[PDB]
Every structure is written in C-alpha cells, then in structure tokens.
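Take a look at the structure set out below.
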Amino acid sequence: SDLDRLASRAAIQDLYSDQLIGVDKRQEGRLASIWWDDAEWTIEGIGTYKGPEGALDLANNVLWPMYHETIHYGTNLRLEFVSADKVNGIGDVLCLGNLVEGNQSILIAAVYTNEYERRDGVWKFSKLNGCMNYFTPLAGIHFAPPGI
Amino acid sequence: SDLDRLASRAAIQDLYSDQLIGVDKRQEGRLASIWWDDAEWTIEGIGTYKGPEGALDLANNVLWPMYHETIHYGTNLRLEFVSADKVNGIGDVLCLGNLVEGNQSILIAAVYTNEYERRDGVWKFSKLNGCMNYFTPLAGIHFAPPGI
Amino acid sequence: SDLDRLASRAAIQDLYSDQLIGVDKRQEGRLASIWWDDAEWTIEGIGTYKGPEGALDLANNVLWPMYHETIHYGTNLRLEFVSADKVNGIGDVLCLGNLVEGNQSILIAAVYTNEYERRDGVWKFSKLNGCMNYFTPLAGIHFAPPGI
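Residue numbers (the authors' numbering), protein chains in the order written: chain B, 2 to 149; chain B', 2 to 149; chain B'', 2 to 149. A prime marks a further copy of an entry chain.
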C-alpha cells in the first residue's frame, strides 16, 4: 500500500479531471461513469443530485442549458487518506463562461469538497460539494472565439 | 507496467509543463528537447510546424516577437494509454499576456490535444494541437509588474 | 529510488498545494508544518521571513490583514532532482483577491521558485521565492460571492 497509494492518487486525479472535462466538452459518457450510485453532487445555490442518474440530470437540465459554453480550470487537488479505501479532498477551481441569459461572460471561483471511495479495487466519487466563492459577471468583456 | 505506468505519467506531466514553461521563460534548450523529429506542433490560426527545428522556428519568428511576455497556466492533463508506448491527452490552458500590437493585454483560453510516444524507453511529444476557445483582448486593463 | 522518486514527487505536490491552501483558507496548522526551521519564504516587494515562526508571522501580520480573501491557483509544478534529497522547482501561480485598501479586486500572476530538502525521510520547504509578474487592480470589477 505504498505503490498502491500512488496508484489511487493517479486514479482520483483522473476522476477529478473527468468531472471537469465532462462538463466542458459535454460528454455524457465520461461524466456518468465517475459516480457510485449513492454519490451526491451538491452545488450551492442549485441543489443536490444523487447518483449518475442525477449527475446526468443536472448536466442536461440545468448546467448545459444555462451556458453557451464553459471552461473549468482545476488545480490544487489536495488529498487526505482516511483509510486505504476512503479519501477526502479539496480543489480550487476557476471557471470561465458565457451565460445564455443576456449573453453574459462570467467568472466563477469555486472550492470543491470531495469524498472518494473504493469498491472492488475501483475508485469513484462518493460526494462532491461545490461552493462558489466568486460569481462575477464581467462588465465590458465578452469571451469569444478568435474568429469574431 | 503498473509502476512503469505511474512513471510514464510523471514523465509526460513534465513534458507538458516544459512545453509551457519554455514558451513563457523563453528557454530554447528546455523547449527543443521535448519533440521527436517527426512531431507536429499545430496552433489553429497560425499553422503547423514539424520537429524541434520547427518548434524553435515558431518560437523565435512568431510567438516571442508577438508578445512582450506571456504566462500559460496548464491544468487538467487527462491521459489515455493506447499502448504502453502511445498516449493521447487533453489539457485546458489559460494564458495571459501583452501583445506588442497596440500594447494590449489579452486572455487566451485554449484546449491542447496531444499525442505522446516512447522510443528507447524515452518519452517525447508526437503531436501537439492547439485550439483557441477564447481570444479576448481586455478593454480597460493592462497587465503590468508591481513597479509601474 | 525509482518508486522512491515518484513518492517524493507526491510528497512535494502536497507541500506546494499546502502552501497555497494554508494562505487562502487561513489555516495556521496546515501552513506552519511545511517549513524546515532554517527555511526562507521571500516575497518580492515584501521581504524575507525565515522558519515556520516567520511564515506564521507574515501570514498574520501582513498577508491576512491586507486582503479580505484570496484564492491562489497553482499549476505547472516542474521539479528537478539535484540529489535524491534536494529538489529545485518552478510553479506558475494565479491569484484573485479583494484588498482591504479601497475594497479593490486584484489579479496577481506570480512565479514561485522553490527548494525542497529531505531530513529523516521527511520532505519540507527549504526556500520559497515569490516573484510577482503581474499586479493588476481591476478597474470595473469587484469579485463577490453569489449572494450580493
């Protein structure tokens, strides 16, 4: 469980990246496969959804229909092993995006508070808790592609 | 190839960081040593350059002469092993900088699509593909050092 | 020292994250436990402080009383092993925050230049050197929580 330790770390960094990538590239597959069935994704000011079912439900009915596109930058994944099978973790995340509402470009700073769990040697999200530290629409800036 | 796996991961995260660092700190050495000779660096809206030769050619003739300075923030490196010797990968990258043109401060959000390859136990870039999601000059902000 | 290598890497990424987290979540514990006693934290334009004593002294007497809150995004941690016991490293870091002064929202781009050292199999900061590349107060933006 010292090699095994490094292995878990890897496993989870991919899970964390995959949470983010699956929201930005809107990939249902990637996104649904990271949650244990009793997992809870909570986003402050939205609500709690449970399981991959609920994860996909939030993606399709709230997140994706709210923003033309988003990009989440995830850093500082700081893990703490409670047992070789349960991990808690923080990440700071920066997100840029265009709201459908008013066609607005906005900046979210968030802190994600996580819980990971192993079952049959396989690692998945137990709980993800999103907390928005900053929500700031940018006055005289609109994020656009290079061809406008 | 389970320890060997973690090793490759490390190897590549350094390659990815080195791509970025070598553009921001303008270090020819660091930058030239990460490309296999038949590698292609493609940056949408600029062109494709092949090999370390071409990598250094773009650095000196387009990138560096265009910006007074840049800083690239690289996150979410998500690897997929196709064989113990070929890897595909995404990273989201945030870049801040001053264009020589109009002395403008600008923000690029990019997505990099990568291909890594091992030869004689050593890892290098096979293909890097840059795609700019956001190109936004900032209206009333100029990034400056603290001493202005 | 090939498994041992990957282990050190992990050890330090946590140290690096912990530097940042302990400044943003203002956690004295987390912050004090990462410095060898003869370590130097230098922040250009502020000064040098040495040891955990000095680290906590800067936190409580300069950093924390200057900003209502900060969030540091740390990426590109690029390590170089000088011996299996001394490492040098760069990281690029992005920081957002509200200054108490004028209740201003500002953006710091920094480059951190680090030195790590092992003693009795345990890894700690030897030297951290902060250099601010950008210090830019944002004209018509104030970072706020979502409830304002």
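Beta carbons are placed, not taken as given, at the ideal position from N, Cα and C, and that holds for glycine.
query, result
"Between the CA atoms of B''/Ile22 and residue 156 of chain B' - distance to the nearest angstrom", "In the structure as shown, chain B' starts at 2 and stops at 149, and residue 156 of chain B' therefore has no counterpart that could be examined."
"Below-9 Å beta-carbon distance, B''/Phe136 vs any chain B' residue", "yes"
"8 Å contact criterion, which B/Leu108 and B/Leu64 should meet: CB distance rounded", "In fact, because the Cβ distance is near 16 Å, the residues do not count as touching under 8 Å."
"C-beta atoms of B/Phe82 and B/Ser9 nearer than 9 Å", "yes"
"9 Å Cβ cutoff, B/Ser18 in contact with chain B'", "yes"
"Beta-carbon contacts of B'/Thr137 that lie in its chain and below 7 Å, excluding the five residues immediately before and after", "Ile107 and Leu108"
"Chain B within 9 Å of B'/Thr76, Cβ atoms only", "yes"
"CB contact below 9 Å: B''/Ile91 versus chain A", "Chain labels in this structure do not include chain A; the protein chains are B, B' and B''."
"N-terminal and C-terminal residue of the alpha helix (DSSP H) that B'/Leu4 is part of", "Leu4 to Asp25"
"Whole runs of the alpha helix (DSSP H) within the region 24-62 of chain B'', excluding any shorter than 4 residues", "29-33 and 52-59"
"Residues in the region 108-123 of chain B having any Cβ partner in chain B' nearer than 9 Å", "none"
"Contact the region 38-48 of chain B vs the region 118-133 of chain B: 3+ CB pairs below 8 Å", "yes"
"Buried/exposed call for B''/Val24, threshold 16 Cβ in 10 Å", "buried"
"Cβ-based burial, B/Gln28 [other Cβ within 10 Å; buried from 16]", "exposed"
"Boundaries (first-last residue) of the beta strand (DSSP E) holding B'/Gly90", "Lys87 to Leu100"
"Residue closest to B'/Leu59, alpha-carbon to alpha-carbon, out of B'/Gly75, B'/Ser84 and B'/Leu32", "B'/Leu32"
"Beta-carbon proximity check, B'/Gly92 vs B'/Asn62, cutoff 9 Å", "no"
"N- and C-terminal bounds of the beta strand (DSSP E) containing B'/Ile149", "Note, B'/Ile149: premise wrong, no beta strand (DSSP E); not H, not E."
"Chain B' contact for B/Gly141 (CB, 9 Å cutoff)", "yes"
"Beta-carbon proximity check, B''/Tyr68 vs B''/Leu100, cutoff 9 Å", "yes"
"Paired residues, beta bridge with B/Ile72 - DSSP", "B/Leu97"
"Within chain B, partners of residue 193 of chain B'' - CB distance below 8 Å", "The structure shown has nothing for residue 193 of chain B'', since chain B'' only spans 2 to 149."
"Per-residue contacts from B'/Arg10 into chain B (C-beta, under 8 Å)", "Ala11"
"Span of the beta strand (DSSP E), counted from its first residue to its last, around B/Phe136", "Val123 to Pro138"
"Exposure of B'/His143, with buried meaning 16 or more beta-carbon neighbours within 10 Å", "exposed"
"Contact set between B''/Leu21 and chain B, taken where Cβ atoms lie within less than 7 Å", "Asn77"
"Residues near B/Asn130 in its chain [Cβ-Cβ closer than 6 Å; skip 5 each side]", "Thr43 and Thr114"
"Candidates B''/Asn104, B''/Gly90, B''/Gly98 and B''/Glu102: closest to B''/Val112 by CA position", "B''/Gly90"
"CA-to-CA distance, B'/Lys26 to B''/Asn134, given in whole angstroms", "12 Å"
"Against chain B: residues of the region 27-54 of chain B'' by CB proximity under 8 Å", "none"
"Alpha-carbon to alpha-carbon, B/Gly30 and B'/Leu16", "28 Å"
"Minimum Cβ-Cβ distance from B'/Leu7 to chain B'' less than 9 Å", "yes"
"Buried or exposed by the 16-neighbour rule on C-beta atoms within 10 Å, applied to B/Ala145", "exposed"
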